[PDB]
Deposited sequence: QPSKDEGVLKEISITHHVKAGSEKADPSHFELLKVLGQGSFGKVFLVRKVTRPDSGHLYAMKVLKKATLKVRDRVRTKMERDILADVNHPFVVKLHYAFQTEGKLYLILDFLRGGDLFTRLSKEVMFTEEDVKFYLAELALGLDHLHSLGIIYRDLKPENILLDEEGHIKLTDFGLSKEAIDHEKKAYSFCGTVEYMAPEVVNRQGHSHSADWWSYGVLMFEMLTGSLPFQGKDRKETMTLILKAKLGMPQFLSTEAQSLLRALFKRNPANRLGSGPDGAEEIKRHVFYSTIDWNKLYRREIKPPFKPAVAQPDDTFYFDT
């Protein structure tokens, strides 16, 4: 049965505001030799095509180990940093898959508080995998929804706002609301004052305005059909969700 000695450390992939992550290799059968991402430290075991998979979970005194998929494709922030902005084609694909994974987490009563390009990883194929979720009861200020800035609540709706921020950042290379310091940024989010860059298609602009509604109740995704509201938006017209789910759609970018 399970034990940290069953995994040899290869490299310290990194560390966040909630632990450290290592690239490990299991030395015990039946998956001996297999590479995994080990995190050392709230529902953590989710099964979905676009949500990172938890393979093992054990507690070594003082800390809890989490063995997850090792995603080789890096993160969206890193790729954004290099490309400075994605084409709408690429954005539509990444956001479509994120929509499915996000809606699924929601069904499980999970709020994706830390939604941002940094937490969206790509596998060797190019399909995304959401990571660092699991919070049911609760960061990067630029991605905070207005009801969250004003501590007026934090529901599934807040995730759709953040989803809109991610779309804007991937399409323009810039954040929609940002000031000189955290305080100015929070104040800018509250006004929900937004200039639409002119190179954005009318479909993209429409989806963005629907997502950036100050009131969580009028924001796209706030029922009745919930997530279906967004999946049925004209921006995703050319998207076949069935095949997307089956990872049938060929990703724009490959690593």
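Of the deposited sequence, positions 1-23, 65-82, 180-191, 309-321 lack any modelled C-alpha atom.
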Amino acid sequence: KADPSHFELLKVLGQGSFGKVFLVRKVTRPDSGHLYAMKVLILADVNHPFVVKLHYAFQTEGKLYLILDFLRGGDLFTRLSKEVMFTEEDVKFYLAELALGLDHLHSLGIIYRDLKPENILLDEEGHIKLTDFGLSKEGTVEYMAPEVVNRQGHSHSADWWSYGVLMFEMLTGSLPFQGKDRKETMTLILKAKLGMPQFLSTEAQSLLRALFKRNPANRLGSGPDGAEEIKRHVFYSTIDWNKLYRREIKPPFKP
From here on, numbers count along this sequence of modelled residues.
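In all of the other compared structures of this protein with flanking residues present, residue 147 is modelled, so it falls below the one-third mark for missing coordinates. When the other compared entries with both flanking residues are checked, residue 83 is unmodelled in at least a third. Higher mean CA temperature factor between 44-52 and 209-217: 44-52, per the PDB entry. The stretch with the higher mean CA B factor, choosing between 13-21 and 241-249, is 13-21. The PDB entry assigns its highest CA temperature factor, among 184, 90, 125, 114, to 125. Ranking 223, 197, 30, 33 by the C-alpha B-factor listed in the PDB entry places 223 at the top. Ranked by Cα temperature factor within the chain, residue 74 sits in the middle third according to the deposited record.
Annotation for residue 146: CA B-factor lies in the lowest third of the chain's modelled residues. In this PDB entry, residue 174 carries a Cα temperature factor that places it within the lowest third of its chain's modelled residues.
In the PDB entry, residue 107 places in the middle third of its chain by CA B-factor. The PDB entry assigns residue 140 a C-alpha temperature factor belonging to the middle third of its chain's modelled residues.
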